[PDB]
Structure formats: C-alpha cells, structure tokens
Amino acid sequence: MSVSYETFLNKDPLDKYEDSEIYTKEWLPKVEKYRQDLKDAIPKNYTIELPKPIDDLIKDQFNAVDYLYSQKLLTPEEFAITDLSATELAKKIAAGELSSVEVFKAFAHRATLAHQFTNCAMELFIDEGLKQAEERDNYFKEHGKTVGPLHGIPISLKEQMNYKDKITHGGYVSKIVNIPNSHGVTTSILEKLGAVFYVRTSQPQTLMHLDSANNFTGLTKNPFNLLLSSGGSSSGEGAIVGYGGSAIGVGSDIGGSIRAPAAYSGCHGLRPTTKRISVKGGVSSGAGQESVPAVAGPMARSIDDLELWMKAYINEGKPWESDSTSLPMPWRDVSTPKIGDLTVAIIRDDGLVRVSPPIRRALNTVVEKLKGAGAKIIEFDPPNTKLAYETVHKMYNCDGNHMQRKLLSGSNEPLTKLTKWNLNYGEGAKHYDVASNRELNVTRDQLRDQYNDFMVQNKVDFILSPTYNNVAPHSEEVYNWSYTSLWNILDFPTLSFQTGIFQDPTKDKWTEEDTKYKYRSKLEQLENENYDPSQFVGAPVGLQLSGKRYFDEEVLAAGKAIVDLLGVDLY
Amino acid sequence: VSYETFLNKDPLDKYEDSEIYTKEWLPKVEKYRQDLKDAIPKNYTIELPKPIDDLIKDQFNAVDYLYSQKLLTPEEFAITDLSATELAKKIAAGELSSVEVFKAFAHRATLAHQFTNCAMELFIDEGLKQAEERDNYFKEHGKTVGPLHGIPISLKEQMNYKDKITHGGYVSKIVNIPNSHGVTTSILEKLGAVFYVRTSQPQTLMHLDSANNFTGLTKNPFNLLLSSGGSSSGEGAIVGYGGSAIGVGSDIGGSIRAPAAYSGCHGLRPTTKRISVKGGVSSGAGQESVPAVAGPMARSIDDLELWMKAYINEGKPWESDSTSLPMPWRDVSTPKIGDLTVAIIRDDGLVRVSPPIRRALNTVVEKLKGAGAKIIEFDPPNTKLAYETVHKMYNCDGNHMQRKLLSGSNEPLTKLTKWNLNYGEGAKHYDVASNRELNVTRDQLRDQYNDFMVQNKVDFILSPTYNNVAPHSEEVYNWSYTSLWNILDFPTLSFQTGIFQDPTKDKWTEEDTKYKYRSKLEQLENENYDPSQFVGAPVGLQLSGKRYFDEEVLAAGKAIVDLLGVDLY
C-alpha cells in the first residue's frame, strides 16, 4: 500500500540524459574546481569550529538560529546591525549614523556562518563586496547623499541570474562555462539603486524542485532545523534570509520557488503579479515559455523590506526602460488597513492533499486571531483545483522536456531524485502541438475568471491558505506543489508570511479521527505518510495571502497589518 | 508576378464542398441576407444616381455626393458633424435629446450602408428604443447614465451581442447565438452608449479587405471602386462616412489601423491587455504569441481619447476580464510640436510605397520640421525577420482552428482567404518548442526597438500604414507596415493627414521606373498602382509610441492633426 515515488515515473523514460563516463571525464573536473573555489572564498576569521560534525548536527535536527544567539557568535554591534530592517538600515546609512562598510562586515560575517551551517551559498565574493561597500562610503563623503534608496544594503542573489563576468549556470553543469558580459536586468537595477553584492545562493538541478539537490554543492538545509530542507528552487535565499545572513534576498517563482523557501525557512516572501519585476537575463529552461510565466521577487525578515524593494525597483529602477516585457504600472501608495476592514476567504484544504497537524493548527490560530480583531472571514472550498493542478503541470513539460533534456544531456550529469520527479510531471516527454498548448491557455483563462469573479462578486479582499501540506520537508522528499502552483496558473500576487507559530512535537500529531482518513490519491498518501511529529521539530509555519491580479500593493499593506496583529518579529 | 506563386503552404483540399454548402447552409445565409434587407429603414433610403455597379466602376465619391446633394437636413448634418465629445456634453446639458441624436445617425448610417454595404446587421428599431430609455432616464433623474449617454456607436460583428447571431464571418457559426454581450460591448452599454448596427468583416477575419459569403464586398466611402479595408471593414466605411459617432474594431495584423487609414478616419491600436477582447468569435482562442487587440475608431482624436478614458477608468475591464490590466488611463497634456523627437520610416526595407504615400509622408515631415520638431531618418532594423516571425505565428497551429471553422460549413474560399492560409508554413502544425522560439524572437525584436527609442530619446515613430492608398478589392497582399507593430505590440495611432491622392501628381517618376524589385511580393504590390484607378483616396499614416504610453500617442496625435489642420467634420 505504501507509495514509492518511482511508480509516477511513467511519462518520460529518462534514457537520453545521463552518461557517467562522459560526465566524469569532460565535466566533473570543472565542478571540483568550482567547489574548491567556494571553499577558498570562505573567510576563516568569519568561520567557527562546529559543535559536532555537520552530518551529526543534521541527524540531531540542530536549530542553527538558536545556536547563533545562544552562543553569541556575533558581537553585540553585529547583532545590532543585522537585526534592523533594511528600511531602518537605509535611513541610518543615509543619515550618516552607520558606514556602509560596517553594515557590510556584519552581514558578511553572518552570511559566512549561514553557509557553514546551511550550505546556502554557491559563490562567495566577500572581498569584492567590501570594495563595493567602500565605494558607497566614498560616494557619500564626496556628495553628501546616497546613490539611491538601497545605498549600502547587502542583498543576496539567486545564482541563476546573470552576474557580470561570473559563471552563471542555473544548476546545469553544461552551463558551468557560461560567463555573461553583464548583470541581468534585475541585478543591474539593484546596483544602480545602491545595493551591495557578495553571495549567490543555491538552487536545485533543473530549477524545478521545492528543494535544493544539485551536482555542484549538494543539499541546502533549514536554518531552524538542519535535518529539514530550506526549500527551493530559491533554496539558498530562504536559508540565508531566514538566518539573517543578508538584509533582502531575490528569488524567482514558478510553482512556488519564492513562497515555499520563505515559509519553510522562517522569513517572508512575495510572489508578485507577472510582468512587474524583470526576469530578463539568466539561465533556465524557460526561454519562450508564456503559458505560466515565471516571476522574480523579494524575500526578507520584514514586510516593510518587501515593500521598500518593490517601491524602489519599480518607481526608481523603471524596468520597462530596459526590459520591454516589464509593465510601466506605478507602485501605488497604499495605507495599512484595519483588520476590521478586511474580508478574508480561508482555504483549509485545497481538495487535493490534506495538510499536516502543524499547518492545520497554525491556520486555525490565525483565523481565530483575525476573527477576534473584527475581520469578515469566509470559509472557502476552492473550485477546480484538480483541473488547475493538472493544467499547470502539463504546461511545465509540454515541450516534451526538450529544453530541460538539452541542458541536462549537454553534460550528461547524473539525474537527481526530484529531477526525475518533475520530468514526469504532466505528460512528461510528450511534445505538444500548438493547438493543444492553446487549449491549456483557454483553461487557464477560465480559471482566472472563475477566481477573480469569486473575489469581485463576494467583495473578498484576500485568500488565506497553506503554503504546503506540511512544514519544511525532509531533503528530496517533497512531491506535491498544489498549494503554491495554484497561484502560478492564476497569476495572483501572493505573500508568504511567517505566523510566529512553530511545530510542537508534543501537540502536532494526528488525531484518532485523522487515522480513519480515506486518501483521494497516491500523491496524497505519499505526502501524508511522511509526516512524523518527532522528525520535524520546531519548524516554522508560514502561510499564503493572495490578492487580485496587480493589487500587490494591497497584499503587502494587509500583510503588514496581519504580521502586526500576530506579533511576528523575526529580528 | 501572380498571387498563385505563393500558395504552396496549405493544399486547401479539406475546406470547401459546394454540394454540402449549397444544401445545408446557403439557405440560412439567404435568410440572413433577407433579414438585413428588411431591416433597412425604407424611409431613410435614397434613389441611387446610377446602379451600384456603375457607381463602383466610376470611382464614385459617396461622401462628396452626401454633401452636394444634401441628403440630410441642415439639422441632421449639424448633429452628425459634431464629435462625440461635444455631443455627449450637449446631451448631458439638455441642449440635445438622445432620440434626436440617434435618428440623425440612424439616417446617415442607412445611407452609408446603401453606398458602401458596410452593415451585416441593422436594428434601428431596437436602437431607437434604447435612445428613448436614455431620454427617459435623463428626465427621471436629471443626469446621464454615464460619459457615453446617448452616443451611437457601431460594433464589429464578431463581438458577442446578446441574443443575436455572432458568426465572426464563418457561415458555420450562423447558428451561434450568445446569451450575453461581449465584455467591451457590455461596458459601453453601461457607459450609456446606443447600438443599432453591426459592421462587416472578411471570411477568416484575416484580410485587409472585406470579402465574405454573407454580404460580399464593402467599399470605400471616398471612392466606391476601392476597398474600405479590414478586417474591421464596415467600421472603416461607416465611420469614414459619418454613420456612427464612434466605432469599435479589433486589430491583429492591421485590422483597426488599415480600415481607418483607407476610409478617411482615425483609429487607435492600443497596447495589448488594456481593452478586453473576451466574448467574441474568431479562430484565436488561446493564441498568445501575437495577441489581438480591440480599439476605437472615430473622426476626431478627442473621441478616441474619450472612449479610452471612459472604458478604462469608469468601465474597469479588470473586474469582469481577469486578462485586462488595472492600469489607469492617465491624464496627459497636449505637447508642443517643438518638444517632440520623431523617427521617420519612409521605407520598411521590404515594400516600396506608392507615389501618394511617399508624397504625403514627406509633406507631414516638412510640416513637423517647420514647427520645430527634431526629425530622425530611421532605417528600421530586422523588418524581414519581424515579418516572417509574425506571419509564422499567424498559422503555427497548422490552420487547425481556421480549417475547423471553415469546413464546418464547407463554404467557398475567398481569394484573400487562400492568401492568408498560406501565410506561414500554412498547414505545418508547429510543436511547442518551435512556437517558444518565435516568442523568443518576438522579445528580442521588442527590446531592440524599445532600446532604440529609449537610447535616442525618441518620442514616436511615424510611418505609412500600407504601401499604397486603399487597395482594389481582393488585391491587398502585404501587411508589413501594420503587422510590424502587432509583433512589437506598440500602441499605434492611424491618423488622416488631410492629404488625398491626386492623379496629376502621384505618378511614378522616371527613376522609379529603374527600381529593382527586392521580392515577388514587392513587385506584386507595386505593379498594381495606377494613378487613374485610385483617384482621391485619403492618406492615413501611423504614429507609434512606447508600450503602454497610449495616452502620449493620442495627445501627440491631437497636436499633429492640428498642426496639419485636419478636420474630418
């Protein structure tokens, strides 16, 4: 009866991808050099002697965030710097209270610790970061003002984005020889606004895992429980932001790759409506793919910081001036609403995969807190989630895995477990014709109208829902994306936010009524039978708040009210 | 050079069957033709000076006839030569009644249809009752229902109209009767508009012309020999003639801008996703590579402005169409010509334009220079790639949907339908990976032209709308001057220049006779030009802006049209 993932692998035979002889001779040496270059880039003064070997700390469900504070690994000054929001860091630097250099060195120290525990970096360049921070301070001297609203703010970057004069491989070994001549659009906007760069974070092979396994650096771990995954495909972003190793992180999101790592790893994350933030200039298999377009967006330890980043990026970076796809729709100024003014529809169960006890409890606690503050809540049974799930998963692969196969077979690198999984997602290697792709588009538009009509006609402001049917999964053991992928096919702006609740092994267990549940699918059984109270201790619970399309500003404004109602302070 | 040379991409052998069509479908078409004849208000009709076939052969100017024979009363002329902006003010003031405004336009619409054959459905009687409800509401409440209260508006047939046949030009859909308006016509209704006519379009909606098996050909109101354009064929004719205050069309390939430019009026192709296209009949379900667009057509640019501002900020399309962007229609002032930088396309690199287009473009350029504007002569890059890419996008489903809709009735194929079914690789059904490569090329082209405009501080691009004035019916082949801006998706104003073809000027010069054709298609188009068979055709041109700067395109169109002193009333 127990489900093994291999029985799903019947859509792509996976026989024209791997070849261990060719990989070992032609590509493995370049990977080893890449690994050695990362080790050489770790500053020893910022490193530490681990309390036990890392793999023992993993078995032990070590909480690295607790250790950082309890062992006081940073000075009081570094803690004081690195536990301020980017918003107040920006005001302090602009007012001459902090140098950019001193702000950088604290985050640089904290990021090296983050890597030593979570394995969240793919590239480290602390020295170049230092020189950038120096230029920032030089500029402030000479001119008496800052370069822009992110002046001196250390920001971590997902690896797959083009970085000028550095390898950009997007998790594909075949691309380890790809060195772009310039930043991608989003990175060069961040630099012009004044940001400081120093670390590029890990991602899974194929960029289609809610996890991190890749052939360069292996697995990235959760900073609140080192047995667990930090998520993906923005894996290192969730780890480093959740640890505080940077002030803001930048990821991308098809299928959930911003919201899931944020929720898994203890921070906040925004998936914006498509075409506000540029995705131009990076490595992925998505060239020309428009049926469910990817999206880029920020992650941080406060909603103010998400808001700062959007406002600065759009209104000052003006991405439409260098990326024709980006919309010139201003980031509007919106007041924080009162909880009693909000109507919130609640998804307790998407109709596909039942959520585990910690998610059920945290969702229930948040709903009751909202009700108590005066919000109109609607209990919402979301329609056509099965059609939405099937349509979007067909969309992922409807080129017959042509591009993924080309990028993977170019190096013959060994296939990861969750790579085999996502290569079999829809009809796998079946290559759709144009007419059949257009029919999927029609379905998408019907779903979008069905849901938009629900919120318009019922005066619903937001939809509150789980991010995943569990807290952070064990590495290489996360299979169902339904809770995040729904908002990709609908393209609704969705905030992933920490509730302030953590799994409790003495209380987050199945009830006796739960044990007589009848599973609706093999996938639901696979996911639910992995939940074990003793093996997910203390993992944060993050939930999703979705708004109507292009109302991102209201999403963050209400997110700010809700996090304040809940007392969430990640600093 | 003959057009048959190009027809090697779709064998066209599973579309038409005369015996099936004759037996099962033609009876329904004839009933539809007879309902149109019965719906023409017989009092509003006129006795034609010669039979329509002789008027056509004589290049009859129906618009001159309308004014010189004074077919409308002074009062009707005064009503139908006000812009919709002034009409809406006067109605809301109480100086005019909606019934009174309607009857004037219903009369001039009947005349338009009599000369140009621009109507596919007429329902003046229902329109009249709508106008009564507007007047009743104004008395009962002292205010208007919205910014378009009592304004008569023509609608392209293919958009859904509640409880009426909506066939999009496919005989097989003469059975399709929607239960509600399309999104845009439902928004215009709520803004106060009045409906009475649905205008003609070609078979497949993919001609810059009108040929179709319901009503035949629609002709140019300024020269009945010439096409009125397409695929918004009846809108060009009826708005150019003044039979409606504002018209509503759709534009892939050119189908708003070409009919406006050909038939003597103005039209705006907006940036995609501002105006809804939801709720209509076409072969484009799910097609996203080159999204179709809807937009307005009128005899003044102020009216296009009024239509867009009202539609977006008051209609709020995003509340019923999740595809439409909640992007406010911004208030922008009219610029001074001296503050503009304008790039000029005199030749797109593919099809040389004919003497009247070349002369009219040059005159406008000299007017703009003379008023202080900075002029950049512009050789537009990669137009060959842009042409091939967009025409491949048109057909990359192997003509599956077009053939499904046509073969459902087995209706006979029009000449220019054969032409467009051979546009890409025709019946070659692309796989997804190939379609994604077209999307990649589209985005490289957009960035190249966006980079041009941004790096050189260019406000607008000025260019022809077509390599000739209005074409002869069924003899328009090259879409490159309009289709360039569909693949780039730049907002593009088609504006009349005030200039008209003049047979004494507008001959090929002697050096023109030494020109070496770059392609069969360029020869095919250029040899159709003859100064004596295009007399007095109006010249419209294109003003293109940066994506989502529609508001600036119209504001500068207001300025350029006034510098040229163009008054279509």
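We name chains A, B, ... by the order of the sequence lines, and we start the count at 1 in each one. Quick note: numbers below take in every heavy atom, side chains included, and nothing from hydrogens, waters or symmetry partners.
B/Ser250 meets the side-chain contact (heavy atoms from CB on, under 4.5 Å) test with B/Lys156, B/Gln158; sequence neighbours excluded. Partners of B/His167 according to the ring-ring contact (aromatic ring centres under 6.0 Å, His included) rule, which considers only residues two or more places apart in sequence or in another chain, are B/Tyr32, B/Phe214. Residues satisfying the side-chain contact (heavy atoms from CB on, under 4.5 Å) criterion with B/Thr513, sequence neighbours excluded, are B/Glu510. Partners of B/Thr110 according to the side-chain contact (heavy atoms from CB on, under 4.5 Å) rule, which considers only residues two or more places apart in sequence or in another chain, are B/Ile40, B/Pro41, B/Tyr44, B/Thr45. Under the side-chain contact (heavy atoms from CB on, under 4.5 Å) criterion, B/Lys384 pairs with B/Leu350, B/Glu388, not counting sequence neighbours.
B/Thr497 places no side-chain N or O within 3.5 Å of a backbone atom of B/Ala360 that could act as its donor or acceptor partner. When atom types are taken as modelled, the side chain of B/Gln496 and the backbone of B/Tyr262 share no donor-acceptor pair closer than 3.5 angstrom. Listed for the B/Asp209 side chain is a donor-acceptor partner under 3.5 Å among the backbone atoms of B/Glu474.
When each of B/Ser282, B/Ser255, B/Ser210 is paired with B/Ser231, the side chain to side chain donor-acceptor pair (under 3.5 Å) condition holds for B/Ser255 and for no other. None of B/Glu522, B/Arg352, B/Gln523 except one satisfies the side chain to side chain donor-acceptor pair (under 3.5 Å) rule with B/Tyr515; the exception is B/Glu522.
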- Query: Is there a salt bridge (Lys or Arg N to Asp or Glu O under 4.0 Å) between B/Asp489 and B/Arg269 once you walk through the steps?
  - Reply: CA-CA 9 Å; B/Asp489 177 36; B/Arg269 192 208 80 100; 2.7 Å; yes
- Item | Residues B/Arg299, B/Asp81; criterion salt bridge (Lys or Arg N to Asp or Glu O under 4.0 Å); working and verdict | CA-CA 9 Å; B/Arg299 305 148 81 210; B/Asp81 282 322; 2.8 Å; yes
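Counting only N and O atoms by type, the side chains of B/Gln59 and B/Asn223 include a donor and acceptor under 3.5 Å apart. In summary, the side chains of B/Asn486 and B/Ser483 do not present any donor paired with an acceptor at a separation below 3.5 Å, with no hydrogens or angles considered. Side-chain contact of B/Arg257 with B/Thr482: a donor-acceptor pair under 3.5 Å is absent, judged by distance alone.
Closest approach of B/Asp512 to B/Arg358, counting heavy atoms only: OD2-NH2, 2.7 Å.
Ring orientation note: the planes of B/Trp419 and B/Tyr423 are nearly perpendicular, at an angle over 60° on the 30°/60° scale.
Sorted by first then second residue, the salt bridge (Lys or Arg N to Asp or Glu O under 4.0 Å) pairs that include residues 44-58 of chain B, not counting sequence neighbours, are B/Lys50-B/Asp58.
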